[PDB]
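Here are the chains, one letter per residue:
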Number of protein chains: 2
Amino acid sequence: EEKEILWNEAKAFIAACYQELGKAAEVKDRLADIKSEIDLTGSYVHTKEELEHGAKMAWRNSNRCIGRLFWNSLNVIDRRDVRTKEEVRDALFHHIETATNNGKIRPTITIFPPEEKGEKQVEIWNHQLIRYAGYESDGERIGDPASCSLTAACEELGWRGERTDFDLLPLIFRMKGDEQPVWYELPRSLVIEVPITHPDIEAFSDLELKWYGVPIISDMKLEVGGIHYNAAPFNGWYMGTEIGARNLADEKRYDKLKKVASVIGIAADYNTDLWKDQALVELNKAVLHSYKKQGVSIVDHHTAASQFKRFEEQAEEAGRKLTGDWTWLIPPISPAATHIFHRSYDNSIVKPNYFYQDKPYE
Amino acid sequence: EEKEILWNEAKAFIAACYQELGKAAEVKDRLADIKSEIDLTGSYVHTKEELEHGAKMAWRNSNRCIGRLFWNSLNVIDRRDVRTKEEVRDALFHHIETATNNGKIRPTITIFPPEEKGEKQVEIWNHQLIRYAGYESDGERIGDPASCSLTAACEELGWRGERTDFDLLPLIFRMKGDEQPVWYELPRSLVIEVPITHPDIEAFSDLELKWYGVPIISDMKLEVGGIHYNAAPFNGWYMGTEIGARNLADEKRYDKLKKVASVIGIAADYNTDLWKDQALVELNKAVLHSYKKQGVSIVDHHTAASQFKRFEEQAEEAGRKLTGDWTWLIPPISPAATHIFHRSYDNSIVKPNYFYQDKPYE
Ligand code: HEM
Ligand code: HEM
Ligand SMILES: Nc1ccc2ccccc2n1
Ligand SMILES: Nc1ccc2ccccc2n1
Ligand SMILES: [Cl-]
Ligand SMILES: [Cl-]
């Protein structure tokens, strides 16, 4: 059952991949080499060209992603050569540095050795390479509640957080063979953070809010033609709403709306005053303004939706079927102001793609 | 095939309906009477109690409705006795008057004779009993574009609109037997309108915006136990966002965001300023404030979502399965500020319910 599946998926992938690359005639021979490799070894090794394009296709097929217009410019880093935890760590450090690019963020993926027999070579525990810790002890709520379980896991391994609201979690991953993961503190010089100020409300800085520059999702599995790259951290730049409308706004996250209303000088007493809505807008304006002032890449939800419209148009032109998840594609503020809201999307799964995996903690 | 379906649906309805009313033992005999009636006549007649509760159940099963908490207090008007177009007209006039109730809106449904053999006794052309006309001629865009097709249809029948942005469409319905519908102008004394002002921005009134008090949907089919009430107009009170975020905001509707930005004194030049988002909030604040000042019932989306949460809780307590459409239940502004956004809903269809019908115009 195992080698069969790998062969079928590989057939579908190589055909489509080589077609797109204008390498249609090189298929049969490449498919031949692959079949012999599967027979003998139980798996196959992607060329750099297949891997790079497979990672790009996977982003293109990510139904929940509004930023897919730039799928073909993804910066792919091939690190299937790593064997040591020092190599993994430095690769992760490197990813952060080059993706950050002094603020002009490069969408980047670093690809580690794939699963062998379903056995993981490298297992990254971080949800994102850069993420704030979260604590709850005796009524006291500190940091990012979404990070509570991973934080406790890290502290079970000898890490200790300073217990600010913005403790940088350590990188934490487990190598094949080891019973426990290792953790490495993040060098502050690698991590860009953005203090949140408002363009015309001076008191906004009293909230002492900040967020990190680059969202680098590191717990999802990249699947390319039957090969499972369980460890392949990827990043884009933020859409402002992810920070202003969710990370800082959600009651189960930083829950800052009541404090925002206070500093912008409005009452938070009546639903009919729409104070949460007003606070959301000013906070989201602050986030966009702050990243722009510091020279860190970010996109507003209107511009992002426009770009996505072009992705839809580009897809139709290329003869490609379009897939998407309406419930994730709409922005969390003023979604009806975008074209996305006013149409429907086929939520079918197409491979290559990125998939959820079970957390090793929890 | 026809009498079979009617019998099956009637079995399911009467059982559930009489169970809910604590009339469980009266089922068998009532089911008996119904089966004899179907055999002989080809259809059955609901009691006033069955009809009233069936209409209430239908609202309870409306997946796309956020205001379902008050399903059991629906004011049901039984007008299956109407035979003349003067009777229909006066029933519609009456519905408007009693539902409006001087501003303290009563959720109300008026039920007309149902389809006989699939033959309609009464066919209402209006989307809502109160709706603004729409025109497009030689570049000129006037009124509500969503009403363009019905407006042209009305004008094809001898009606003529004044061509303001807020022409009240006439009531228009067709009786069984007649080739054409009849139309009656709406008495202004029956229709409450609300001028849109802002609580602290005096210049907002310069937009000369207004909307009508009561949304009375009149083109949907009520289905109760196999009986098809194709003509059964129903109403609640508005949720503010329906007006401020959609009717007045959509580009394909009144498209007022750019003008709103102007009167509230903000630039509409850069997406990163989130001017559409800010305009949406102030406009939606204006709508809520305006209805409240005039003493016309309205609900904000936060309060409505809270009420819906109680509907969910009430449903669980009653042992009833909950159904809903996430894509319609979330409000079009700050949806992530509501609990609705953060959960999922089974979108299965349960009868009794309200259904779409083909427009006789178009
Ligand atoms: C270029 C900048 C990018 C922007 C602005 C962007 C925007 C977004 C946003 C807003 C989401 C929704 C996240 C949420 O609601 O929690 C999302 C989801 C996603 N994006 Fe992108 N994205 C970008 C680049 C990328 C890249 C480079 C990849 C991978 C190659 C990617 C793959 C995904 C995936 C897999 C999801 C779904 C994650 C999940 O299901 O939890 N995106 N994107
Ligand atoms: C009591 C006040 C009510 C409020 C605030 C309310 C709120 C809403 C809202 C906001 C929508 C979405 C409309 C849209 O997005 O276009 C909706 C849909 C709906 N409501 Fe209600 N509603 C109320 C009462 C009722 C009543 C009395 C009925 C019928 C007995 C009803 C049945 C429906 C139906 C059938 C839909 C879906 C219409 C469609 O699919 O186009 N609602 N409701
Ligand atoms: N802004 C952004 C970029 C990439 C993502 C990948 C997965 C989840 C969220 C993301 N956001
Ligand atoms: N506010 C409100 C009440 C009832 C409705 C019925 C159908 C569509 C929209 C509605 N809105
Ligand atoms: Cl994030
Ligand atoms: Cl409406």
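For this coordinate set, the PDB header names X-ray crystallography as the determination method and states a resolution of 2.030 Å.

Chain A is annotated in the PDB entry as NITRIC OXIDE SYNTHASE OXYGENASE from Bacillus subtilis. The record held by UniProt for chain A lists under Function the comment "Catalyzes the production of nitric oxide." Word for word, the UniProt comment on chain A under Sequence similarities is "Belongs to the NOS family. Bacterial NOS oxygenase subfamily."

Glancing now at the interface of chain B and chain A. On the side of chain A, 30 residues touch chain B, which itself brings 30 residues to the contact. Counting the surface lost from both chain B and chain A, the interface buries some 2,600 Å², and carbon and sulfur atoms represent 64% of this. Summed over the three residues of chain B that lose the most area to chain A, namely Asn271(B), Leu274(B) and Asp277(B), the buried surface amounts to 20% of that side. Counting across the chain B and chain A interface gives zero salt bridges. In this structure, the connection of chain B to chain A is made through ten residue pairs in polar contact. If you list the elements that add at least two residues to the side of chain B that touches chain A, you get α8 (275–294), α9 (301–317) and α10 (326–329) of chain B. Sort the elements by how many residues they give to the side of chain B that touches chain A and α8(B) lands first, with nine residues. In the side of chain B that touches chain A, the residues fall into twelve nonpolar, ten polar and eight charged.

Now for the UniProt feature "binding site: heme" in chain A. All names here are of chain A. Feature annotation in UniProt places "binding site: heme" on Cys65, given in this structure's numbering. Following the sequence through the fold, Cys65 ends up in the loop between α3 (48–60) and β1 (75–78). A residue is classified by how much of its surface remains accessible, and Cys65, at 21% relative accessible area, is partly exposed. Here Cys65 is in contact with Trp59, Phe308 and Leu329, once residues within four sequence places are set aside.

All names here are of chain A. With respect to topology, three strands assemble into an open sheet ordered β12-β11-β16, the strand pairing being antiparallel. Where the open sheet ends on each side, the last strands, each with one partner, are β12 (227–229) and β16 (353–355). The mean inter-strand angle of the sheet, taken between neighbouring strand axes irrespective of direction, is 30°. Inspection of the sheet shows strand β11 (residues 221–224) paired to β16 by three bridges, in the antiparallel sense.

A few words on the site of ligand 1. Residue and element names in this part refer to chain A. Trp59, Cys65, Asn235, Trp237 and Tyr356 are the nearest of the 16 residues found near ligand 1. At 3.2 Å, a side-chain N or O of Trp59 approaches a nitrogen atom of ligand 1. Along the lines of polarity and charge, the residues of the shell around ligand 1 split into eleven nonpolar, three polar and two charged. Both of domain 1 (1–80 + 107–117 + 221–235 + 305–329) and domain 3 (193–215 + 238–303) provide at least three residues apiece to the shell around ligand 1.

Conventions we followed
Residues numbered from 1 in each chain as written, not as in the entry; some residues may be left out. Chains lettered and ligands numbered in written order. Heavy atoms only, no water. UniProt positions renumbered as here; feature names shortened; annotations may be inferred. Contact = heavy atoms within 4.5 Å. Buried area = accessible area lost by both parts, 1.4 Å probe. Salt bridge = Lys/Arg side-chain N within 4 Å of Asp/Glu carboxyl O. Polar contact = N/O pair within 3.5 Å; in protein donor to acceptor, adjacent residues only side chain to side chain. Helix = DSSP H or I, 4+ residues; strand = E, 2+ residues; numbered from the N terminus. Nonpolar A, V, L, I, M, F, W, Y, C, P; charged D, E, K, R; others polar. Buried < 20%, exposed > 50% of the residue type's maximum accessible area, 1.4 Å probe, protein only. Pairing = 2+ DSSP bridges. Axes fitted to C-alpha atoms, helices over the stretch in contact; angles between N-to-C directions. Near = heavy atom within 4 Å. Domains from an automatic or database assignment.

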